[PDB]
Protein chains: 2
Amino acid sequence: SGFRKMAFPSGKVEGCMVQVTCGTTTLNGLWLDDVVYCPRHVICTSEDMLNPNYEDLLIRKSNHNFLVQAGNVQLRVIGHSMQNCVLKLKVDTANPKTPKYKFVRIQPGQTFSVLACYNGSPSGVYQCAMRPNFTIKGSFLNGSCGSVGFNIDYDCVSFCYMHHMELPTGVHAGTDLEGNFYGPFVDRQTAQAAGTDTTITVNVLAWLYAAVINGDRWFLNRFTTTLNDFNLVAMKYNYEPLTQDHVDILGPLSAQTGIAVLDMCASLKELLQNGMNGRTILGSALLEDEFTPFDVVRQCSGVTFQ
Amino acid sequence: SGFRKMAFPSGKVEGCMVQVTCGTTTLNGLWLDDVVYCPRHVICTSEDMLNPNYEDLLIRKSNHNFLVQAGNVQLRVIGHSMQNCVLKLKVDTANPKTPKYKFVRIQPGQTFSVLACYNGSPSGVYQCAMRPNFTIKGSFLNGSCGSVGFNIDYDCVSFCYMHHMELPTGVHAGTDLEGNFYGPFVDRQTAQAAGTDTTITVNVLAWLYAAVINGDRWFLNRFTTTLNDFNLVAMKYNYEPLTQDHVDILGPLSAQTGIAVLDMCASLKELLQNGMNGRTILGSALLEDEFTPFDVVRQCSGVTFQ
Ligand SMILES: *[C@H](O)[C@H](C[C@@H]1CCNC1=O)NC(=O)[C@H](CC(C)(C)C)NC(=O)OCc1cccnc1
Ligand SMILES: *[C@H](O)[C@H](C[C@@H]1CCNC1=O)NC(=O)[C@H](CC(C)(C)C)NC(=O)OCc1cccnc1
């Protein structure tokens, strides 16, 4: 037993991390086969980053302007091109550590692991959710751009995130690995801001099931509620609507615990209306919304990856 | 910016994880050079685990009773011996992925990363602290024994934990890699229980500094306190005494924020006496004690590892 914010083992992604330097700018790249992927603002300098035109900036570049270092070994750039907000540097060496992989784009509410990197060297790994407002609450310092987010499914790495910037509230924005931003953000210095967020209701319910599985039961009650009556309360507390698909996805956890989904909704209702009364759930004094139903089943059952 | 519970990149440890099967029991082993380390209760069966004598059990064993699988490749056991509560299986192949490593024993209050594993396959990674009562609040299911805890220092893996069991409160107990238990626990089925815990005061202060660094300032105040007067309040709320060494270790974070350690103690005092009043610190509604001063400096500064 126990329930922890758990990341995927990072080894398969560590073997892909490289350092990309162009001019004064150094950041991380992702080396898969003979391509290195990195944020396109590497071609920028401190006065270029105000309002740049990357197509104009990139034609002025040469292959030899791009210094790529994989550990203590320098990779020769033999081609370059831009794909939306990422750069693809073609190198003369295929990464022998390339895992089986996919480029996937995730949905708000879904979770992934982040391998934070500086100078092409991995620093730490942690779990993130894509917020409803398409930001992530990460931990990123200068030099972390190009760090990637991912999930692992048996042996296959699904890359879903490349880090690009921090917003003024301290949250983070980035792209999928095709270079398309998550949310209404651009890789320029403007007055961009996150904008309003909501709480991921289905995830909170998943976590309440995790709690019951782990022996926290004090918030359970004999009452029930209809889906519509729950959603009236959800809206008042800035929770997203729960759909019948959410109810269906919570079926397995319902069945394992014997607690009907709508019953657990009544519990959430009371928790929202009365608070916690000085008690905790799974060591938290707040309702936690960054575990998906999949995360709970994985951890509270024990799935591995080769 | 941002502050997350961050584990070390796990790749160096993933390359050491193997599966050890003896009779009906399967668990994880740690393969370094030509030795596989695993919990000695692998030599036990369901009626042996009540009150065993492992010396008697082990002389009855043959090398060929031990099935060791590194991925899809079977390692020939050529020797075995017991070291306290771990078994050392000598194998005919040195692990070509052996990192530079040390076996270290950690102190209560210190943190480490856990690579949770099943059947020799890594499942997830997460950060743990050694509680003052020598338990860890982990996430471990059947088959997880032999999973190891570790820290990484540049390129060197310091192994500090091997998982052995779960206590009746859902917390976890294990050994260092010399096979000596953390705390007053034995690898047998008895009525063992955790016993009383305390909150790691120096870590809470470290986390308050992390919060200030990240823009959470509402809990700051103009008051100060003496170390003795703080420790009188600490004892009342079941916090460990703060020592002058703790104060010294918090110096750098004090200097970075301009908040004297004893000033931050006055803030902690008020937080303990008034609670949080519906506010949060770094996304938590409780005082967090599983980040060390080192963890805060590492994350709030950006140290990496090769
Ligand atoms: C890339 O390494 C960097 C990552 C930032 C730096 C601090 N935390 C991060 O996540 N990204 C940027 O510096 C980005 C550059 C572009 C606007 C994409 C061109 N700008 C940015 O994040 O500005 C906000 C910021 C910068 C530095 C410190 N705090 C906030
Ligand atoms: C080893 O894989 C296993 C790990 C346990 C199982 C559930 N969570 C864990 O951490 N360890 C044991 O089963 C251990 C065996 C010895 C007493 C060391 C011989 N016993 C144990 O942990 O008993 C408590 C328990 C077992 C199973 C489920 N919940 C609690």
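Residues numbered from 1 in each chain as written, not as in the entry; some residues may be left out. Chains lettered and ligands numbered in written order. Heavy atoms only, no water.

### A word on the site of ligand 2
All names here are of chain B. Heads up, the rule is: Any residue with at least one heavy atom within 4 Å of a molecule or strand is counted as near it. Definition of a polar contact: a pair of N or O atoms within 3.5 Å, with one able to donate and the other able to accept a hydrogen when the atoms are protein atoms, and with sequence-neighbouring residues admitted only if both atoms are side-chain atoms. Where accessible areas are quoted, they stem from the Shrake-Rupley method and a 1.4 Å probe; at the residue level, only the protein chains shown are allowed to cover. A run of H or I in DSSP becomes a helix once it reaches four residues, and a run of E becomes a strand once it reaches two; helices and strands are each numbered from the N terminus. Classes in brief: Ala, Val, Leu, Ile, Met, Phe, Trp, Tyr, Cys and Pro nonpolar; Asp, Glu, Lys and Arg charged; the others, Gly included, polar.
Looking at ligand 2, there are 13 residues lining it, with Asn142, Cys145, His163, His164 and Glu166 nearest. Within the backbone of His164, an N or O atom sits 3.0 Å from a nitrogen atom of ligand 2. If ligand 2 stood free it would expose 600 Å²; the protein chains cover 75% of that surface. Per-element accounting of the shell around ligand 2 gives the leading share, four residues, to strand 12 (residues 156–166). Residues belonging to the shell around ligand 2 are distributed by class as follows: four nonpolar, seven polar and two charged.

### Regarding the domain arrangement of chain A
Residue and element names in this part refer to chain A. Keep this limit in mind: Segmentation into domains, and thus their bounds, comes from an automatic or database assignment. Contact between two residues is taken to exist if any of their heavy atoms lie within 4.5 Å; hydrogens are not considered. The buried area of a pairing is the accessible area, by a 1.4 Å probe, that goes missing from both parts when the two are put together, added over both. Put simply, a salt bridge is a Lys or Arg side-chain nitrogen that is within 4 Å of an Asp or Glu carboxyl oxygen.
With domains assigned, chain A is organised as domain 1 (1–14 + 100–197), domain 2 (15–99) and domain 3 (198–301). Once you take the C-alpha centre of each, domain 1 and domain 3 turn out to be 25 Å apart. Each side of the interface is counted separately: domain 1 has 19 residues, and domain 3 has 20 residues. Broken down residue by residue, the surface that domain 1 buries against domain 3 is led by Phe3, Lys5 and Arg131, which jointly contribute 40%. Here domain 1 is connected to domain 3 by three salt bridges. A salt bridge links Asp289 to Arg131; the nearest nitrogen and oxygen atoms lie 2.8 Å apart. One can count 11 residue pairs in polar contact joining domain 1 with domain 3. At three residues, strand 10 (residues 121–129) tops the list of elements feeding residues into the side of domain 1 that touches domain 3. Per-class residue counts for the side of domain 1 that touches domain 3 are eight nonpolar, six polar and five charged.

### Side note on the interface of chain A and chain B
With 47 residues of chain A in contact, the opposing surface of chain B contributes 47 residues. Note on chain A versus chain B: buried area summed over both sides is about 3300 Å², and carbon and sulfur give 50% of it. Between chain A and chain B we count two salt bridges in total. The interface formed by chain A and chain B contains 29 residue pairs in polar contact. In terms of residue count, strand 10 of chain A provides more of the side of chain A that touches chain B than any other element does, eight residues in total.

### Notes on the site of ligand 1
Residues and elements named next belong to chain A. As a structural note, the neighbourhood of ligand 1 is formed by 13 residues, with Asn142, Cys145, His163, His164 and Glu166 the closest of them. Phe140 is positioned with one of its backbone polar atoms (N or O) 3.3 Å from a nitrogen atom of ligand 1. With respect to ligand 1, the side chain of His163 contributes an N or O atom lying 2.7 Å from an oxygen atom. In the complex, the protein chains occlude 76% of the 600 Å² of accessible area that ligand 1 would expose alone. Here the shell around ligand 1 takes four residues from strand 12 (residues 156–166), the largest share from any one element. Residues belonging to the shell around ligand 1 are distributed by class as follows: four nonpolar, seven polar and two charged.

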